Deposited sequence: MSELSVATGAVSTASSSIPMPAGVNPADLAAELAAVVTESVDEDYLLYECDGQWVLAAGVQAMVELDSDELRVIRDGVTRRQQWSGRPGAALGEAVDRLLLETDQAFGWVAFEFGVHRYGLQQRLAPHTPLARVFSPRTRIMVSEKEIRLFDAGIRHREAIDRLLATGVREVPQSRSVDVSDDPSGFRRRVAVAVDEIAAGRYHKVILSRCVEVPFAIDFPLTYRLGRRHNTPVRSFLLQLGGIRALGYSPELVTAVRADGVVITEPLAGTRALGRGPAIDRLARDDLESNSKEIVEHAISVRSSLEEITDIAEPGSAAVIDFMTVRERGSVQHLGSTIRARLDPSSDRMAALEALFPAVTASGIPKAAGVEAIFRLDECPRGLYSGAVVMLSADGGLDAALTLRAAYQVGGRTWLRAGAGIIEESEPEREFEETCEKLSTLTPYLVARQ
């Protein structure tokens, strides 16, 4: 059957993460698990893959890689290829780099060749885990048998975590901050977010770390993946974009930090962001469809606003994502200038950090979550990355401390490789 009853006492995050580890290894496949609105979707197995790089677009199907050059907007390029996958299957999953959002500002020339912009795939099988049920899509006996074996076994106990020191500043985050402050004071831009990488000196178990962290984090969206040599996990603090089948587009910028409601620094910054999103959404919206619906409402508690619109017929979901990308929250104000500065003052390319993780539907749906509070493994390297907004009054030591706080979303929950 399509449906299985959820076992009592079992958290959905825990079960989906267990499925992700056990079932995929069994059948030799890559995966992405995405948490959206009480559903944990495990997209298992790469049926077809879209790789969009700075200098090339690749579609790999059935063992055949078909390479194309592309020009113009990255979203249009990505959209066309993804649309093709979605004729064949219902949903597509992936990640989008920070670097995806640089073309709109004409910064693409800065990118080295073979710089990844996006990886989007359609799954061989889907498993959806929620509180009530497990739903199976395109699951063969092999997958089905595996889910069945796990379900019987139950979830593994999470081992004790292993600590890491975040006090070093090898990349000189503090000095880099100062430089930003000077540029701000000189009126180059209002804001930039700068970040630092922290290497983790041991290998971690990604699914087990994801479970431990999820227990102590309540995020807007979350993810765990093994894709194309990359392991990653994260607790996304913001939604970049949600586009519905009906054409309604949403973005929800959050303020961060009683005194949230009254504090001036936040309010000015949140308002400026709200203005930015509204302006961006407007370019892709039916005239007169754009509104801010829940302004500066308190929603951990956060300040946030909901910006909504109707996707114009001339435009599409990728265009909406490009209009809103990268998020102000991890870039700067004004955006073009903040992004420019990031090439200069931060370690580039960013890749997954400050990019998005995406779920797309054949119905026209898009869900894109901002990648922050995440861990990465590529090659032999395991790392964490956190950053801070920098404005004219910012202090390098305080900003360093801020990074440490953000790192603490993950630093206590690292489970070493098994």
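Unmodelled segments of the deposited chain, in sequence order: 1 to 14, 272 to 285, 328 to 331.
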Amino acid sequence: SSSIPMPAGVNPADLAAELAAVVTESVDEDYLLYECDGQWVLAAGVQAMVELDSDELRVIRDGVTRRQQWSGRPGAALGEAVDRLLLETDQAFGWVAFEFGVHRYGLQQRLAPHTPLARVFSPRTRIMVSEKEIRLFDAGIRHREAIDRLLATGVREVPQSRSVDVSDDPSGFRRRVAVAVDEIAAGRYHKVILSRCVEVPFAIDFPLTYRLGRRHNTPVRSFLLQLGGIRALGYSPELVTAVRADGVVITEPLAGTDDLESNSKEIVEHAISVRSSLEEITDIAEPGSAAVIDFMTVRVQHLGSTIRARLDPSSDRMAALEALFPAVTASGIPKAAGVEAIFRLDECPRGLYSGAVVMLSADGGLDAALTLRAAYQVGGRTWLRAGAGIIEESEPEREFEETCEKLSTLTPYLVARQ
From here on, numbers count along this sequence of modelled residues.
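In this text, rigid core is short for the largest set of C-alphas that superpose within 1.5 Å between two forms.
Comparing the two stretches 107 to 115 and 259 to 267 by root mean square C-alpha distance in 7 other deposited structures of this protein, with all structures fitted on the core, the more displaced one is 259 to 267. Remark: when the other structures in 7 other deposited structures of this protein are fitted onto this one via the rigid core, 289 to 297 deviates more than the alternative among 343 to 351 and 289 to 297, judged by RMS CA distance. For the segment pair 74 to 82 and 148 to 156, the entry gives 148 to 156 the higher mean B-factor, averaged over Cα atoms. Taking the PDB entry as given, 388 to 396 carries the higher mean Cα B factor of the two stretches 388 to 396 and 350 to 358. Remark: of 260, 239, 102, 204, 260 shows the highest value [criterion: C-alpha B-factor in the PDB entry]. The residue among 198, 139, 324, 227 whose C-alpha carries the highest B-factor in the deposited model is 139.
Ranked against the other modelled residues of its chain, the C-alpha B-factor of residue 189 as given in the entry falls in the highest third. When the CA B factors of the chain's modelled residues are split into thirds, the value for residue 10 lands in the highest one. In the deposited entry, the Cα temperature factor of residue 173 places it in the middle third of its chain's modelled residues. The entry lists a Cα temperature factor for residue 64 that places it in the highest third of the chain's modelled residues. In the deposited entry, the Cα temperature factor of residue 295 places it in the highest third of its chain's modelled residues.
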